[PDB]
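Only one chain is given next, in structure tokens, and it is the form deposited in one PDB entry.
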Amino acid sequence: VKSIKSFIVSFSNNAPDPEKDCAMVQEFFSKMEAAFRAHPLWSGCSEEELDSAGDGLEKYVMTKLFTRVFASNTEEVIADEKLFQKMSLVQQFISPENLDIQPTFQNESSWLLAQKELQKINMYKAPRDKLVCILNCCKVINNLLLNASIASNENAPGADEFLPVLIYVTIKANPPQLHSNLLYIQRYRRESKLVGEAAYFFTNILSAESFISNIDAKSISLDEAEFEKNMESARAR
């Protein structure tokens, strides 16, 4: 416990730099995972019980460090604003058909729930809690596609459906500070946990940010003149 508070105080005495900060934080978490493993208190117990301790430590550490490391330079804030501005125009006119997804009552009610789960990301400081919002949103989408596969006679689209639904959900959610939220998770979620399904879900939203940020007429199946008209309509609010 002593390690942690004196880690945090003297950590916060280093001059802030996102790369050194996250390098130092990830090494600290990684050393602590090794120590939990070796501590009389965690003998014989499962990886669930060990990850649980790791997660407690992450949240404790990251709650103190949050204001120092989250959205704390101009480059990050400028990209946050730029991405928000863009989604706030595009969400006014993008349709499901633009991304080849079917707006049935069933689909829509899940998309709306996925959107609501994603919108909670700004209620939390901890990388894990922020991430869970993304995983919960992706799980809702995952389960929609799973049930569609039992209910139907054509072969499941897989990622061909999964990604555009996520792109649509993210555009509709337009969570404030998405760019900085994603970088923060990438930097500060302990590396040993950003693997497997969680990494597949997380990379998917990362790739959605990239697509959304790069949206033009062609990428959303619109011709130039219509897209310009829509963006113009959106700009007038």
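Only the largest set of C-alpha atoms that superpose within 1.5 Å between the two forms is called the rigid core. One-based numbering along the sequence shown.
Another form, the form deposited in another entry, is not on view; read the next lines as being about it.
Undergrad: Superpose on the core and compare between this form and the one not shown; which one of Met123, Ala159, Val77, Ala156 crosses the 2 Å Cα shift mark?
TA: It is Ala156.
Undergrad: Core-aligned, does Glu197 move its Cα 2 Å or more between this form and the one not shown?
TA: The answer is no; the displacement is under 2 Å.
Undergrad: Comparing between this form and the one not shown on the rigid core: C-alpha of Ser95 shifted by 2 Å or more?
TA: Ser95: C-alpha displaced by less than 2 Å between this form and the one not shown.
Undergrad: My question is whether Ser207 is one of the residues whose C-alpha shifts by 2 Å or more between this form and the one not shown, given a fit on the rigid core.
TA: Superposed on the core, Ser207 moves its C-alpha less than 2 Å between this form and the one not shown.
Undergrad: Relative to what is shown, are the Cα atoms of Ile212 and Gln106 closer or farther apart in the other entry, where the gap shifts by 3 Å or more?
TA: Closer together, which means the C-alphas of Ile212 and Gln106 are at least 3 Å nearer in the other entry.
Undergrad: With a C-alpha distance change of 3 Å or more, do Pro103 and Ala114 lie closer or farther in the other entry?
TA: Note: Cα gap between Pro103 and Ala114 widens in the other entry.
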